[PDB]
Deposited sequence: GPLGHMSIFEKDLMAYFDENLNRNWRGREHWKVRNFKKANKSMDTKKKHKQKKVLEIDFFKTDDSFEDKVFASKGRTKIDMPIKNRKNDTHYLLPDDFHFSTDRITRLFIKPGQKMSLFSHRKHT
């Protein structure tokens, strides 16, 4: 048998490969020029202005992360691991039937 079951088996795996964490990780000209001769140089001081109100720094919350941005351990939950029985991997049940 398994015309319908192999049909759907194939669909889900390919479609749900980026949803495996499944935890809030489920997607679903001008050629302007500069005239170096002109003396608009009082803008030079605009480049060196102090920060003042602008934060231009990272909040300390984000400067350290415990996850380290590593993937979680992958148990590779695929349609195959679900179809096969527990104590009898050879045999499988006909869910999607």
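Engineer: Identify which parts of the deposited sequence carry no C-alpha coordinates, going from the N-terminal end onward.
Structural biologist: Holes in the chain trace, numbered from 1: 1-5, 34-51, 121-125.
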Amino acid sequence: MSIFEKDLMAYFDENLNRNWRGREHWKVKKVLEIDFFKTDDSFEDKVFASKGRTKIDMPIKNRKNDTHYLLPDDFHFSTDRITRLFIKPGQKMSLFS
From here on, numbers count along this sequence of modelled residues.
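Engineer: Quick one: higher average CA temperature factor, 10-18 or 69-77?
Structural biologist: Mean C-alpha B-factor is greater for 10-18.
Engineer: Taking the recorded C-alpha temperature factors, which stretch has the higher mean, 49-57 or 29-37?
Structural biologist: Taking the mean C-alpha B-factor of 49-57 and of 29-37, the larger value falls to 29-37.
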